[PDB]
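[1] an experimental structure, sequence included, is below.
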Amino acid sequence: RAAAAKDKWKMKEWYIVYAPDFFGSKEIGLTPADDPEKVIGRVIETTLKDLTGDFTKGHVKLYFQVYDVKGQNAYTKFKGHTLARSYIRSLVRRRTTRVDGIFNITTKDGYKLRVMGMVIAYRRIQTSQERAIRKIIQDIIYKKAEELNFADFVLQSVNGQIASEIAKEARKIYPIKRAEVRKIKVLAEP
Amino acid sequence: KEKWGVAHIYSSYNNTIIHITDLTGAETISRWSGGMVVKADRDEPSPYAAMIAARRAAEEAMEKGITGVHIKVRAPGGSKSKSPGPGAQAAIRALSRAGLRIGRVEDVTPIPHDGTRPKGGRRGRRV
RNA sequence: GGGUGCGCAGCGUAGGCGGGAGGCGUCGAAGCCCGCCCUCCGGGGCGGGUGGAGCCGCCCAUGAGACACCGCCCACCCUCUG
RNA sequence: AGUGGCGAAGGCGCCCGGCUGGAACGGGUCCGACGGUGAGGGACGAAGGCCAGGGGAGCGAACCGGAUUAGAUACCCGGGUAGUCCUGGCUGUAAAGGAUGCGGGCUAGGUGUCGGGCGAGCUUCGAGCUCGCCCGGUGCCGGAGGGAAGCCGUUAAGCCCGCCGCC
């Protein structure tokens, strides 16, 4: 019947989701649930402009996971981020070269991450140059990891500083268009 | 207050499914298929059938209190086809007209970096 | 205990008994303003508020008549105790 | 991701590290004809199949069901066993095809691309861009010339010097 259905829908309460502290604690959205603990473990997908409205960084997607509740207010943690399909496809064209590196990182605070960085060149280049560029990416990311910690790592990786450094130092082997950091996953926590 | 949901569309050469959830995708609100609104199996993916199911789902969502909606459109993918059917755009326009506000739109057709073997038989279908 | 009733034709959810032509309005109401719950969202039952003095029915239908007022049941899904 | 590259051929595409084979370029470096082909003999050799041991997601011979059909031991649909995968061995086959045996000298060139080297100009000073030349690989056009023709044409299916296999 529809009686129990309406009963179920009307027994459901709403909760307000909140971003973490090294971001700005915002009001991403709302979640229904009957009980409080059916909400522990839930992934909100948003973009970076919604948080801080820079009109250009609309292609970045962040994923926040629910881990705690206090009344009708839930608080999140950072889980990972990835670029957008449309952006990546518009980038990777024919008669160019794509160079991707995937590395495992441990920050100053003991967080373990998997970072996937990407580079694009203007022409159909050799393979030794690919490998040199990959080594550059690796060195820079390891250095930034040993010198920085989670919050700054993520904020820089999403704002586009590490990408600028990567591009500037890889411009010594072959010029470059649209260097970027494409993905981060969190694997562990102390 | 303004609440947003998410519309997953599964489109094929044989049916169309519209499914509206909250932003988390863990709480379901409405679910309607092309096979609930016709009696011919050869009409389930007709964009009119898609329009109708979209309208039903949107009105139920509005009744429940949903105002905005993001959109993820999908084809089966994997080893099957990677191209959606013709009911997806119909459903999107119908959701727009029903009275909901629309946000982001994305395609989520799962694609194989390299994967399993499809069903043809090294010669495909021969009819 | 809190809530909960379109067999038809219907001013409309007449549910059924005994009494009840009589019941109320400062033991303050309408008409007008915004709101949670029940449910065939039918439609009422419910609350703070401009409001300051009318409205039900014996008057017709329906087999059993009034949400006319007093005591009691019942169909559900719910809140406390022992 | 290429009309591209390496490999005797079969064949070889995620990343980092180690061991290993061969070719080109550059070279007033070393030996000093040590070379070519190769009967008989040997080594490699897709898929499928066999032996022995493990594993088993998807696909799927055989098999079983539903339809289509005059019938349908098939095409279409739903399921499914060996097999496809790893270790250690056998079998020795294909449109294994450039359907074109290997080496050497000669008989117009043009235009692309891959690697290396040289010389000029640009530069954001980049293992970077452009233009030209020599060597080697790999393609598309084409004149004499050749051929039954289709077509080949300095990567000959042309004229010469050789060896083996075959009709």
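    Okay, I see it. Numbering: from 1, shown residues only, chains lettered A, B, ... in the order given.
[2] drop to CA atoms for contacts and neighbour counts, all remaining ones
    Noted.
[3] which one's the longest helix in the chain?
    I'll assume chain A. Secondary structure of chain A per DSSP state H: the longest helix is helix A:127-147.
[4] if you could check chain B rather than the one you did, that'd help
    helix B:47-64.
[5] can that helix be said to contact RNA strand C?
    No - Helix B:47-64 does not reach RNA strand C (Cα under 7 Å from any atom of the strand); its nearest approach is 7.6 Å.
[6] buried ones in the longest helix of chain A?
    A:130, A:133-134, A:137-138, A:141, A:144-145 (16 or more other Cα atoms under 10 Å in any protein chain shown).
[7] that helix near RNA strand D at all?
    Yes - Helix A:127-147 reaches RNA strand D (Cα under 7 Å from any atom of the strand) through A:128-129, A:131-132, A:134.
[8] elements contacting that helix?
    For helix A:127-147, the packing partners by 3 or more Cα pairs under 8 Å, 6 or more residues apart in numbering or on different chains; DSSP states H and E come out as strand A:97-106, helix A:161-170.
[9] using CSV, list the CA coordinates for the last one.
    Taking only C-alpha atoms (Å, rounded to 0.1, in the frame of the first residue of the first chain), the coordinates of helix A:161-170 have been written out as CSV:
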residue,chain,number,x,y,z
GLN,A,161,50.8,25.9,-8.1
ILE,A,162,52.4,22.4,-8.3
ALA,A,163,51.2,22.4,-11.9
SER,A,164,53.0,25.6,-12.7
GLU,A,165,56.2,24.4,-11.2
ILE,A,166,55.9,21.1,-13.1
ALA,A,167,55.3,23.0,-16.4
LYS,A,168,58.2,25.4,-15.8
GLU,A,169,60.7,22.7,-15.1
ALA,A,170,59.5,20.3,-17.8
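[10] helices and strands around it, which ones?
    helix A:127-147, strand A:180-186.
[11] is RNA strand D within reach of it?
    No - shown here: helix A:161-170 not in contact with RNA strand D (Cα under 7 Å from any atom of the strand), separated by at least 8.3 Å.
[12] which residues sit in contact with residue A:33?
    A:12-15, A:39, B:27 (Cα atoms under 8 Å, 6 or more residues apart in numbering or on different chains).
[13] and the strands in chain B?
    B:4-11, B:16-22, B:28-33, B:68-74, B:101-107 (DSSP state E).
[14] coming back round to it: make CSV from the buried residues of helix A:127-147 and add distance to RNA strand C to it.
    Shown next, in CSV, are those (distance: Cα to the nearest atom of the strand, whole Å):
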residue, distance to RNA strand C
A:130, 61
A:133, 60
A:134, 58
A:137, 56
A:138, 56
A:141, 53
A:144, 52
A:145, 51
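[15] name the SS class of the residue nearest the centre of chain A, please.
    Central residue of chain A (Cα atoms, centre = their mean): residue A:81, 1.8 Å from the mean position. Under DSSP: H, G, I helix; E, B strand; the rest coil, residue A:81 falls in the strand class.
[16] mind listing what it touches?
    Taking Cα under 8 Å, 6+ apart, one finds A:60-63, A:183-185 in contact with residue A:81.
[17] of the residues you listed - the most surrounded one?
    Of all the contacts of residue A:81, residue A:184 has the most neighbours under the rule other Cα atoms under 10 Å in any protein chain shown, reaching 23 neighbours.
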